[PDB]
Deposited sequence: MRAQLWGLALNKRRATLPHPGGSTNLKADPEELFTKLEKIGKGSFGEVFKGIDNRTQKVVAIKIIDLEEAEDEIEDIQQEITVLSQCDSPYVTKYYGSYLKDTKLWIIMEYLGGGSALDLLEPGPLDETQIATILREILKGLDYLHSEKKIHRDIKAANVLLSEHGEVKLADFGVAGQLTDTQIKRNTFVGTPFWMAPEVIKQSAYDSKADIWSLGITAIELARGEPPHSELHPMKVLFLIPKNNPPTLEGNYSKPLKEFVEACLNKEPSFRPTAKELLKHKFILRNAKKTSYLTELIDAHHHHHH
């Protein structure tokens, strides 16, 4: 973390793009390159007991070099504020893109395929994302799909073994939930109080994808959502799952989904 440079000279802060973990996030401009960046600003006075988790996510992101993981550019300390600079992805989150209407299975498969490419990278690197969900999947304006908002090392996407206090297979369960979310708009139990979901996930049979979806998609979900982690496939194996192979297409096609969200 750069303690000497002034981030307010280096970056032009623009509009908020939502509330993130531990701080507010803004669209911004790198004044030297004119590239758009995402800027998270954390008040270290207000968020004292969480600084350890902040440095941990900074460390993890700095160790990632993948087309499928949002790029980290650095961080700056100015007075009491920590500025964290990331790649700006103009397509929004996958969750955002659900809003105009349902995804088709080509769009679902393409997004899941790219998520799997990111999980394959992280797991090969002995990393766990820990918070796979549609809101943490970001798209570039060209349709590229990247992971963001790693979980710290809300219950709806959590694997049962995580709740009961796991390895990379936890990400595979969360991917199954995310698959349901991309198909249906929300994860299982989304109508229920989170404290109820905390005991339902360990006690109940795993969720299934309900509705008029293709059997390969239902089987993709079922394969991820096995209570037994060792019975879940790896990200590598799921990249060859028939649902992915028969339905995923070029990521550039997702610009149609991005454009639809702007006309909505």
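Residues of the deposited sequence lacking C-alpha coordinates, counted from 1, fall in the stretches 1-23, 177-191, 204-205, 305-306.
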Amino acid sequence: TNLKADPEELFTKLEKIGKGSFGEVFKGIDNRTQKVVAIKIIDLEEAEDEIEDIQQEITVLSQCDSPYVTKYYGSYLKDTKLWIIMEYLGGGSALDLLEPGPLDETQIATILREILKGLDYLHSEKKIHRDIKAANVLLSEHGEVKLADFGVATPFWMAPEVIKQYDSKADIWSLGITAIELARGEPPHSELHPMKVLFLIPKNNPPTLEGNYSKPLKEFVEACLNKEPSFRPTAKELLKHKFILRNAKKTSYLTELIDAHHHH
From here on, numbers count along this sequence of modelled residues.
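C-alpha atoms forming the largest set that superposes within 1.5 Å between two forms make up the rigid core.
Between 200-208 and 34-42, the larger mean CA deviation from the shown form in 5 other deposited structures of this protein, after core superposition, belongs to 34-42. Stretch 55-63 is the one, of 55-63 and 234-242, whose CA positions lie farther from the shown form in 5 other deposited structures of this protein once all structures are superposed by the rigid core.
For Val221, the fraction of other compared entries lacking coordinates, among those that model flanking residues, is zero, nowhere near a third. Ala47 is a gap in at least a third of the other entries compared, counting only those with both neighbours built. Checked against the record, the higher mean CA B factor of 254-262 and 1-9 lies with 1-9. Mean CA temperature factor is higher for 51-59 when stretches 51-59 and 232-240 are set side by side in the entry. You'll see in the entry that, of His142, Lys146, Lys126, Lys169, the Cα B factor peaks at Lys126. Remark: of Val162, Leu89, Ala94, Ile108, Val162 shows the highest value [criterion: C-alpha B-factor in the PDB entry]. In the PDB entry, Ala134 places in the lowest third of its chain by CA B-factor. Ranked against the other modelled residues of its chain, the C-alpha B-factor of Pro216 as given in the entry falls in the lowest third. In this PDB entry, the Cα temperature factor of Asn204 sits in the top third of its chain's modelled residues, the highest group. Sort the modelled residues of the chain by CA B factor and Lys196 lands in the highest third. In this PDB entry, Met158 carries a Cα temperature factor that places it within the middle third of its chain's modelled residues.
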